Amino acid sequence: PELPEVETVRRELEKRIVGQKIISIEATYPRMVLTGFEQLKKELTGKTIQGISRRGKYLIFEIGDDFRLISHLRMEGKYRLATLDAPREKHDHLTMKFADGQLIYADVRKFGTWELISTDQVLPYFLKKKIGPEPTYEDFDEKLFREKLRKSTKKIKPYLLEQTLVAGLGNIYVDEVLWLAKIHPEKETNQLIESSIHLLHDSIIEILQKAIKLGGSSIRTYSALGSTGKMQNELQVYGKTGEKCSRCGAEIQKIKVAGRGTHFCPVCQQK
DNA sequence: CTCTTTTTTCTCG
DNA sequence: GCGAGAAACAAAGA
Ligand SMILES: O=c1[nH]c(=S)[nH]c2[nH]c(=S)[nH]c12
Ligand SMILES: [Zn+2]
């Protein structure tokens, strides 16, 4: 998932599990708890969920007075809220059991991670990850964004994917944002003129906020949180190889950029 | 059978 | 420091 999908999961968890006492925690894949599963089980059993936050693509469970469980879903992580008798599924790894259901974390590729840290370690934790600003008008300052672009010879798509200019874009939304802003993904950022940077800045905010509003992009679903999204019906380029661009009618092309599949309109996004 | 495809962090030169 | 490539892992498609 990308930021909009994580925000959608965050919102459903906030509505459904805040106030719930963790009755027990179990793992079939304890090694994905980077701070130690047995330690986490000892610390969090019996505590109540107070809130769910997010920073970039990271989910943050606020548990008890002092605990923060930082969860990253990476490529394929999925949470679901299940009955206590729900059958095990093959790629389920962890579960937090409440009195009237359980929150199960599943992840085919096993990339996702859990880290238990304290409240006052959250801000230093994200500083150490070098996460950039949230993609909002209030936090995403165009002036710094522009100065960083002007200094760099990096290509715009890999630089945006670093999470350092702005947090939350992944392969789907960076391709959508670049199409919307009419920027070729291989453009060196120091070649972007001010008006292109302005359009890019606004487009990042607008695309991600639209995606949040539509509940993220779910291709297929299953019973998982976040699976009722509608943003996939709005994608203009991602996964549209060979289809016609909706602005100019040229076929969308797919290339590889810094090892990522990359979809763009060659007319609208001039090299 | 092989090769390729689908977020973060590392090695290597 | 950089970029290229690959690793972590599993599955599906050519
Ligand atoms: O954290 C990241 N750092 C880099 S350098 N590239 C990249 N691409 C995605 S998606 N996430 C990240
Ligand atoms: Zn076009």
Side-chain angles (χ1 to χ4, degrees), chain A residues 1-10 27-35 37 54-60 70-79 89-94 104-115 117 125-132 134-135 148-177 185-191 204 208 211 216-219 224 226-227 229 231-232 235 237-242 252-264:
Chain A
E2 303 175 44
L3 181 150
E5 291 71 38
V6 184
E7 179 53 26
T8 304
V9 173
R10 186 207 70 81
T28 54
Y29 193 58
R31 280 179 26 242
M32 66 162 288
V33 184
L34 303 194
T35 47
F37 172 72
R54 178 189 57 60
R55 181 70 170 100
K57 301 168 193 173
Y58 290 79
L59 193 66
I60 306 168
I70 315 266
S71 161
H72 202 295
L73 294 76
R74 292 288 193 111
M75 293 287 287
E76 299 215 6
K78 290 171 174 59
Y79 283 100
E89 285 174 15
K90 180 173 195 207
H91 299 299
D92 294 352
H93 297 320
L94 301 172
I104 299 167
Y105 181 73
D107 188 331
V108 169
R109 300 186 68 190
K110 290 183 171 69
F111 291 169
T113 58
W114 275 13
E115 291 171 279
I117 66 176
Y125 174 100
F126 288 111
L127 289 168
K128 182 180 178 170
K129 302 293 190 192
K130 296 191 178 169
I131 303 314
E134 293 293 317
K148 284 183 173 178
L149 295 175
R150 290 177 158 158
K151 286 180 161 48
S152 174
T153 40
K154 288 167 185 189
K155 305 175 164 168
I156 183 65
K157 166 166 184 175
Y159 201 176
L160 288 171
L161 284 182
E162 288 178 16
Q163 305 305 287
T164 54
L165 296 165
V166 63
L169 297 163
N171 213 32
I172 297 180
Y173 294 116
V174 74
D175 279 7
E176 293 295 316
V177 147
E186 286 178 316
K187 191 69 181 286
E188 298 191 352
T189 67
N190 63 6
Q191 289 177 29
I204 289 169
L208 290 176
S217 303
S218 334
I219 291 93
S227 68
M231 185 63 182
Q232 66 279 1
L235 300 176
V237 290
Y238 180 83
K240 308 299 178 168
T241 312
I252 304 311
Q253 305 294 349
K254 180 181 191 175
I255 59 178
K256 243 169 193 314
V257 177
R260 302 306 292 282
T262 298
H263 313 82
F264 71 105

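Chain letters run A, B, ... following the sequence lines, proteins first and then strands; every chain starts at 1.
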Check every strand shown and say whether [X] touches a base, only sugar-phosphate, or nothing at a heavy-atom separation below 4.0 Å.
| X | answer |
| --- | --- |
| A:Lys130 | nothing |
| A:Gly261 | sugar-phosphate |
| A:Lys254 | sugar-phosphate |
| A:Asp107 | nothing |
| A:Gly170 | sugar-phosphate |

How close do A:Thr8 and A:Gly216 get, counting heavy atoms only, and between which atoms?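 Result for this residue pair: OG1-N, 3.8 Å.
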Among A:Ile156, A:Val257, A:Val174, the one residue meeting side chain to side chain contact (heavy atoms under 4.5 Å, CB included) with A:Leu161: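 Looking at A:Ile156, A:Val257, A:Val174, the match for A:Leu161 under the side chain to side chain contact (heavy atoms under 4.5 Å, CB included) is A:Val174.
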Partner of A:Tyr79 by side chain to side chain contact (heavy atoms under 4.5 Å, CB included), out of A:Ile104, A:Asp107, A:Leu59: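 The passing option is A:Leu59.
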Sticking with atom [atom1], work out how far [N] lies from [M], rounded to a whole angstrom.
| N | M | atom1 | value |
| --- | --- | --- | --- |
| C:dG3 | B:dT6 | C1' | 23 Å |
| C:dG5 | B:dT4 | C1' | 15 Å |
| B:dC10 | C:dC9 | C1' | 16 Å |

Spacing of [X] atom [atom1] relative to [N] atom [atom2], expressed in whole Å:
| X | N | atom1 | atom2 | result |
| --- | --- | --- | --- | --- |
| A:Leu161 | B:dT8 | CG | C1' | 11 Å |
| A:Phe111 | C:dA10 | CZ | P | 9 Å |
| A:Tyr238 | B:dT5 | OH | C1' | 10 Å |
| A:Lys78 | C:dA11 | NZ | P | 13 Å |
| A:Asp175 | B:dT5 | CG | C1' | 15 Å |
| A:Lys154 | C:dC2 | NZ | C1' | 9 Å |
| A:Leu34 | C:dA8 | CG | P | 15 Å |
| A:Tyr159 | B:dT8 | OH | P | 16 Å |

Would one find a side-chain N or O of [X] under 4.0 angstrom from OP1 or OP2 of [N]?
| X | N | value |
| --- | --- | --- |
| A:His91 | C:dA11 | yes |
| A:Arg260 | B:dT7 | yes |
| A:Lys129 | B:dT8 | no |
| A:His72 | B:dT8 | yes |
| A:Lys256 | B:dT4 | no |
| A:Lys110 | C:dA8 | no |
| A:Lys90 | C:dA11 | yes |

Outcome for B:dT9 when its sugar is typed by the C1'-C2'-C3'-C4' torsion: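 Of the two classes, B:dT9 takes south, because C1'-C2'-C3'-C4' is negative.
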Hey, can you check B:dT6 for me, is the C1'-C2'-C3'-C4' torsion putting it north or south?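 With a positive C1'-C2'-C3'-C4' torsion, B:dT6 is north.
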Mind checking salt bridge (charged side-chain N to carboxylate O under 4.0 Å, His left out) for A:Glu134 and listing every partner two or more places apart, or none if nothing turns up?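 Listed in chain order: A:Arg54, A:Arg55.
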Which nucleotide, C:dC9, B:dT6, B:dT9, lies nearest any side-chain atom of A:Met75?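 So the nucleotide nearest the side chain must be B:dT6.
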Kindly check if the number of other-residue, nucleotide or ligand heavy atoms within 6.0 Å of CZ (A:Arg31) is above 12?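 Incorrect, the count does not exceed 12.
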Side chains of A:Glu115 and A:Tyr58: do they bring a donor and an acceptor to under 3.5 Å?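 No.
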